[PDB]
Ligand SMILES: Nc1ncnc2c1ncn2[C@@H]1O[C@H](COP(=O)(O)OP(=O)(O)OP(=O)(O)O)[C@@H](O)[C@H]1O
Ligand SMILES: Nc1ncnc2c1ncn2[C@@H]1O[C@H](COP(=O)(O)OP(=O)(O)O)[C@@H](O)[C@H]1O
Ligand SMILES: Nc1ncnc2c1ncn2[C@@H]1O[C@H](COP(=O)(O)OP(=O)(O)O)[C@@H](O)[C@H]1O
Ligand SMILES: [Mg+2]
Ligand SMILES: [Mg+2]
């Protein structure tokens, strides 16, 4: 037997096979076991090779034949993946046929350096009033979504994905965003329901879904984020824009801790190895924004973290807060109370997207942010006014589910709210007024919203016409 | 890697064909002794949790049966046990006397009277 | 246990334990020279590319390896000591460090016949007369009956002089060390 | 294939197979044993040696005993003949009623249904219980956590769920007891026999029990949940119906996994749990789903160590739960039964997109009024009942009526309440609570709502007690 | 010489030389790679093997590959031609502007200055930040450390210090970004290009940049602090100038070590940390001293894991600094910015013989009142601020006024908040705190001091509040 391009599994167990042979196997190279699984050769040792199996170790046996594929761990990338679900290795799992991709990218490829990048200058629209007005997200940014169990983070991600359809249905190739959704250590039922929800919103034609659900071996959950990030780097390096949503990046950390402990590595703080920070920074440093000498493409990243009992100063939350360009703190208290999305605008910030915000939204959201900030500090006459306006705004930023808004409607609604037109309306009816007003402006006055969208600003004539519309409607309410 | 029975004494025995005059099925030779744990070579026919008896009158329970050796826990001070001793099977898992003959008697963990009131009746035994 | 006769030089490790067992076994029955010769023989016998390829594969069962080694030993008419040693190394799966065992026994037998390895290092080579007086004086260092095993390396890194190792004894009449000594003491 | 025991360290047994190695997870039978001993393979140490976790006491094993390779993982008898039969992890009956005769055997180590064998639409499991169906509906094919578990009605509630599900939808049920006290196991067997969910005579049972005793080695208490899943998966796939699977307790599942991991010699993770905690839980919880054929709805009893909700065990199990029920000692005191905490109970599918707008609005109104009454009770305790308004005394009355109506008489508790059990459909529950909230019944007495079925029973009770 | 790879585990590679062995810290080149892969030797394992740490990704290394000894440690280009450039661990330009043309290379592993070289001078460096200047006055030529968890203001503060100090600095400057965001390095590069501190088309650049950002393996993050240290050591010793050395984040230098220590077969210390934590930190940090040949005013941002100041890394770093500045997450949550904790922050030059008697007295009065307020806080939180004597209420009011007044608007945060950056000369700081302490401003509202420059701006704000 060829003891150079082939070896025999010395010892399986723990999901780390020890192979004997493969004398010409490169480090981090992908090998294929006889049964059908695949593995990655971490430890080129003098006498054996430590291969982590991307699958269930039950299928591997001592004596099996490992054959090196000859290439570093890589995944199929391209336009052919849009609309398909795939496992962590790029093999389709929705049973719609072979993936059929021409290009393969390494999952361990290095992030772009300091010269390729450029400041974030374009907005990534999420159709969530709170996110778009108070913590804007640019294109190329890395905006952590950090929360708890059932506080509405996957809802933010899916609202973003569904909202991108306004642009992916148009013709401007410079605004189309191709979304990617990586599901790690997450119930497969949820992934299937999410894929159906996307298909019902016609949001799969530009969405890839990478699955590493809880029934998948630890190495697959470890490797799914990198497969997704390569699938997105393809678009980034080809002058197109992409948006990848790792969900969650704490399940990946748990999987990596399993992998490390089973390899008998020195546990650190909370038994996590020392590489966890490197594990995540290696990943989130690829969400860049290339400059026009490199294509001008971008790759946004929306990592998701689940704190434990609201602890934001934990180990992994603090690592990813030290890696990312902002935060969206979803508070469980607010969510249970009734505020949804439950974004805690006090603690949620955006390092970069502030400059990428749209002018029309920028001017209105500036005064919205000042008013909310003032209200936050007082919770007589001026105090009563601040409480009233703050409650109006807070009830204004409540939103439904799977119903993203175009920027123009957000501008109209927030403008009505901040200019004090609702200062007399009872605080409970603000949502009803909002839903009626949106229908009104979306039915009759399309010219105004279209002009705002095209001009990209609330011009003085646009301001006057919007004033007229809101005052007349408030009169007829 | 390494085994605890790879000490040069066992290998010396086995090289010059001296391992055939020793009965390694019902007897063993203590390889190590320390902190109340003895590691014994041989006793190939010894059952888990069986009671073995050392040459110096002590007893022990064989808990760890590994490929190379048997890990016996000694029922007393390991002062009397020395490397090279001889350990013999008793053949039976540990059991204790039972019956109404124990009532009113102070006994130790193995059913031996320790109150100095005389032998213990003990018609029946139980594992 | 059997009071094994200790070797002169203690080799340590797995090879050390196997070699000490072999040396104790041979020293009684007095078969040290023959067993050393047989060890040198098996040094080449196992080295054969076919045998080496068939013994470094851990997927041939230990049964097959022991059977093949028994056949080879019978075909070579060895002492029972060496045959049992090879069988023991095969059962324990210690064949990959057999050459280590032979090397250990070689080191252990060399000291048995009274040899003290020596090393001489100089900037350049030596004239045979000077090497002869070196032999004489170094034999003066040794004790009675202790043959010498000279090795004369040439190290140009040193600037001259001589360096001599006799066992653990060491004498450094080299230019480099004296330059270092003067430079340091003078620097103080 | 035949191997030999080479080592025995506690509950871990290292075997040696000269001919050919069995794959991991196989089951090996030790030959020369007075009672069947099965070893599950877990590692391939090399040199043809395997390391196995024992499913029974390893005492009395010898280095050299022959071990026979079955060739497939633990295979248990599954079918309709397991209903009403207790059986341990390896499938041997332990109720001493003879062999479990079946024409089917299933391996307990299976894989979760593929991504295409998955229902894409949520559902609701109607259990016929007002509080469960209104404030915390049980998703079909979704895990439900059940808290409390001490003299509050956990067993009676489990039995009522079994009966209702076997009566409304006709599906059977499995009760996997992970680390079950033998005393409580026998008590539960007899309670089931009494209420009628098990029938020893006519073979019309509705539940198949699988007990992993509390004195079995750690390698057995870790796999009984898988035996229960296999027995339930037969009914899902082969019988094509909706099954219930009661796992009591799930914390004991995690504990047994942790002990096995430690015994095999693995470094513990955060709080001393196995490094494979998340995957050990996920491999099991991912087989409780709604395939396109049937479905398995699981009900884990859950224990929270140190009362810490962030401990890795419940922190990991809560990631899988699709609902929650909280039996409270404070409500069994009031005579309300089932003593389900209406406000602490939670559900993921309590969403207008899933349960419909009317159901969602009724549930939210009931929760709001109950919270209002809870807040008002402080004022009643401190400032006295007189301090209330007239738009608050009315809410107090309505909330008391709602609390009474949320109670129900169970069919498996007719020897505790003197009434006759009711299985209230969903529409009846929603209409009753909608009417009570609207105020249509403000003239009735509160006790007319206690322990009744649909609202019409409350009307009849009012007529019978007032006249 | 020529050796061959024998083992490749993570970033740790074993290389076997049959001929002469390379000494320790000596660098080797892996022959046969697309780019330059440098392996720094770290140990001799016997049997003519050396363990080494790779300064770049090790994917693609084949056992038996060839490695060529280089004869000297990693030698980087140093000189006045490394100003305005960007370098990496091994001295290769990464700005895509051409090779760094210098006539003189420096090994990054030099030894620390001897004892007869230290300088005892102790001046004061004015930074224009009220909290830093009053309580923890930075010193010229000393080491400064900004301790803080994630997202408390380390980089914003260090950029403010860059702006202020290195705009009024006639000497050179060196920013070594070790283990921080790559986009932060890009923003710094472009801010300097715009601000004139870098001329891409001239020879009047005054900042040398080195970058080992987080995306690089542990071997590059470990040894990138030494590259910046060498670039600064040249400008100190040879050029005999006064250098600024900003490091952000130095924790990533020790962290990276603990990533390779595990693979070097070393027993871990207190919390997974390498056994050699303090020795490595000492050998790195004693080369940043200001000797008699020149001066280095090093500012280091230090990350506190999980906000734990008891961690071995920050706890060990504390002993290597003149002035510390402990940014706190609680204070940042109160809105105060910079979040400097006035009581954890310290300094060596906070001596009446260096700063004065009014500066010293004011600093101690502020600290005393803040400590009294901290003592009261626990009671204030439960019993309420009504169960306080009048002296205690006065202390609370003054302490809150002082807490707010220590907050300041930075110019680097003009984009964040829209305010205008403010510098506050030392005399104005001392005068304002004197006035607040004496009680001259007890009639103002405490929110009149929030984020203002000198105190007269607080008075103007208070007047505007009245309207
Ligand atoms: N904007 C919203 N309005 C109303 N309800 C919402 C909103 N967002 C989320 N929810 C509710 O919150 C529940 C959980 O939402 P979601 O799955 O987004 O949270 P999650 O953090 O992803 O949950 P998990 O942590 O379990 O994955 C959903 O069932 C949904 O009904
Ligand atoms: N629907 C009900 N009607 C009457 N009594 C009930 C009902 N549900 C629970 N109980 C009471 O709760 C007690 C505990 O029951 P059970 O749950 O079987 O024990 P455990 O809580 O220990 O499992 C019983 O004594 C029973 O009287
Ligand atoms: N002078 C300031 N004004 C307002 N906000 C500030 C100021 N300094 C720091 N911050 C806060 O600090 C955050 C940036 O944290 P940063 O220091 O970049 O993180 P790290 O501590 O990881 O370096 C900003 O989002 C901002 O809210
Ligand atoms: Mg989610
Ligand atoms: Mg920073």
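Think of each number as a place in line: the chain as shown, counted from 1.
From the backbone N, Cα and C atoms, a Cβ is placed for every residue, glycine too.
Under a cutoff of 8 A between CB atoms, and with a sequence separation of 6+ in the same chain, the neighbours of residue E:155 (ATP binding site) are E:180, E:184, E:248, E:301. Under the three-state DSSP scheme, residue E:155 (ATP binding site) falls in the helix class. Residues or ranges marked as ATP binding site by Swiss-Prot: E:151, E:153, E:154, E:155, E:156, E:181.
Same-chain residues at least 6 positions away in sequence with a Cβ under 8 Å from that of residue E:152 (phosphate binding site) are, in sequence order, E:327, E:328, E:329, E:332, E:339. What Swiss-Prot records for E:151, E:152, E:153, E:154, E:155 is phosphate binding site.
Swiss-Prot lists E:151, E:152, E:153, E:154, E:155, E:156 with the feature ADP binding site.
What Swiss-Prot lists as Mg(2+) 1 binding site is E:155, and the listing cites experimental evidence.
Residue E:180 (Mg(2+) 2 binding site) carries neither a helix nor a strand DSSP state and counts as coil. Neighbours of residue E:180 (Mg(2+) 2 binding site), defined as other CB atoms within 10 A of its CB across all chains, total 25. Per Swiss-Prot, Mg(2+) 2 binding site is recorded for E:180.
As annotated by Swiss-Prot, O-linked glycosylation site applies to E:48, with the evidence given as similarity to another entry. Secondary structure at residue E:48 (O-linked glycosylation site), as computed by DSSP, is coil. For residue E:48 (O-linked glycosylation site), the number of other Cβ atoms no farther than 10 Å from its own Cβ, over all displayed protein chains, is 14.
For E:66 (among others), the entry in Swiss-Prot reads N6-acetyllysine, with the evidence type similarity to another entry. Every protein chain considered, the tally of other Cβ atoms within 10 Å of the Cβ of residue E:66 (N6-acetyllysine) stands at 14.
Feature annotation from Swiss-Prot assigns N6-succinyllysine to E:66 (among others).
Under the heading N6-acetyllysine, Swiss-Prot lists E:103 (among others), citing similarity to another entry as support. Classification of residue E:103 (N6-acetyllysine) by DSSP places it in coil, neither helical nor stranded.
Marked as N6-acetyllysine by Swiss-Prot on the basis of similarity to another entry: E:140 (among others). Around residue E:140 (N6-acetyllysine), a 10 Å sphere centred on its CB holds 16 further CB atoms from the protein chains shown.
Cβ contacts within 10 Å of residue E:201 (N6-succinyllysine), excluding its own Cβ and spanning all protein chains shown: 5. Under the heading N6-succinyllysine, Swiss-Prot lists E:201 (among others).
If you look up Swiss-Prot, you'll see E:201 (among others) marked as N6-acetyllysine. A coil conformation is recorded for residue E:201 (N6-succinyllysine) in the three-state DSSP classification, outside any helix or strand.
Here Swiss-Prot flags E:206 (among others) as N6-succinyllysine. The local packing around residue E:206 (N6-succinyllysine), expressed as other Cβ atoms within 10 Å of its Cβ over all shown chains, amounts to 19. Secondary structure at residue E:206 (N6-succinyllysine), taken from DSSP and collapsed to helix, strand or coil, is coil.
Of all Cβ atoms in the shown protein chains, 26 besides its own fall within 10 Å of the Cβ of residue E:254 (phosphothreonine). Annotated phosphothreonine per Swiss-Prot: E:254, in sequence order, evidence recorded as similarity to another entry.
The phosphoserine annotation in Swiss-Prot covers E:357 (among others) and is backed by similarity to another entry. In this chain, no residue six or more apart from residue E:357 (phosphoserine) has a CB-CB distance below 8 Å.
Summarising the annotation, Swiss-Prot assigns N6-acetyllysine to E:368 (among others) and lists similarity to another entry as the type of evidence. Counted within 10 Å of its Cβ, the other Cβ atoms near residue E:368 (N6-acetyllysine) come to 13, all protein chains included.
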Rounded Cα-Cα span from residue E:140 (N6-acetyllysine) to residue E:153 (ATP binding site), Å: 22
Intermolecular Cβ proximity, recorded positions E:103, E:140, E:151, E:254, E:368, E:422 versus chain A, under 8 Å: E:151
Secondary structure at residue E:357 (phosphoserine), reduced by DSSP to three states: coil
Rounded inter-Cα distance in Å - residue E:181 (ATP binding site), residue E:254 (phosphothreonine): 17
Between residue E:151 (ATP binding site) and residue E:206 (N6-succinyllysine), the C-alpha gap once rounded to whole angstrom: 29
Among E:103, E:154, E:181, E:422, which are recorded positions, the residue with the most C-beta atoms within 10 angstroms of its C-beta: E:154
Nearest-integer angstrom distance between the alpha carbons (Cα) of residue E:48 (O-linked glycosylation site) and residue E:201 (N6-succinyllysine): 50
Candidate recorded positions E:156, E:201, E:206, E:375, pick with smallest Cα gap to residue E:140 (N6-acetyllysine): E:206
Between residue E:368 (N6-acetyllysine) and residue E:154 (ATP binding site), the C-alpha gap once rounded to whole angstrom: 26
For residue E:66 (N6-acetyllysine), the one of E:154, E:201, E:206, E:254, E:375 that lies nearest, given that the recorded positions are compared by Cα: E:254
By Cα-Cα distance, the member of recorded positions E:154, E:156, E:375, E:422 nearest residue E:254 (phosphothreonine): E:154
Cα-nearest neighbour of residue E:422 (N6-acetyllysine) within the listed recorded positions, E:154, E:206, E:375: E:154
Candidate nearest residue E:103 (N6-acetyllysine) in space, where candidates are the recorded positions E:154, E:156, E:206, E:375 and distance is Cα-Cα: E:206
In sequence order, those recorded positions of E:181, E:201, E:368, E:422 whose CB lies under 6 Å from ligand 5: none
In sequence order, those recorded positions of E:154, E:155, E:156, E:181, E:357, E:375 whose CB lies under 6 Å from ligand 3: E:154, E:155, E:156
Spatially closest candidate among E:201, E:206, E:375, the listed modified residues, to residue E:156 (ATP binding site) (Cα to Cα): E:206
